[PDB]
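One chain is shown next in structure tokens, namely the form deposited in one PDB entry.
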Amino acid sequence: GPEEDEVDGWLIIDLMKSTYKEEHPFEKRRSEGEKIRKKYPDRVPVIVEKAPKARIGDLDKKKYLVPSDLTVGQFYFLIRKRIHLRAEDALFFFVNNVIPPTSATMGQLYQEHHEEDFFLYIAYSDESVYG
């Protein structure tokens, strides 16, 4: 459920819409996120999860470390291929419940949308409204 974490004198409220967040306590996630960012300042750590209601393939692995210059379009290609999605079937990414432009880079998305644990969370679905 909704979580509250204190960082730098702020009480951070997180609606916790992520299986990964539910299974990994905030302190552990932020500690790992800090470590990955320090070790690889040029890479973007992404947690990729299927929207619950989406009737398409699930991912076997959620954790991707991608170059900052990888485009959203290239990441679509990778995810689509990994879940064996036919070309006739739609796939949408959501970051903070908004579909990012295919032309955006993963570094841009990280800078605009990374969470208080230093991970970027992307959900995906077969439909353009998240659910």
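A residue's number is simply how far along the shown sequence it sits, counting from 1.
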Report summary line: Of 34-42 vs 60-68, the stretch with the larger average CA B-factor in the entry is 34-42
Query raised in the report: Which has higher Cα B-factors on average according to the PDB entry: 80-88 or 101-109?
Result: 101-109
Report summary line: Of the three thirds of Cα B-factor ranks in this chain, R55 occupies the highest
**Report entry** Within-chain third of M16 by Cα B-factor, per the entry
**Finding:** highest
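Although it is not shown, the form solved in complex with a partner chain is what the next lines describe.
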Query raised in the report: Is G57 close enough to touch its partner chain in the deposited complex, meaning at least one heavy atom pair within 4.5 Å?
Result: no
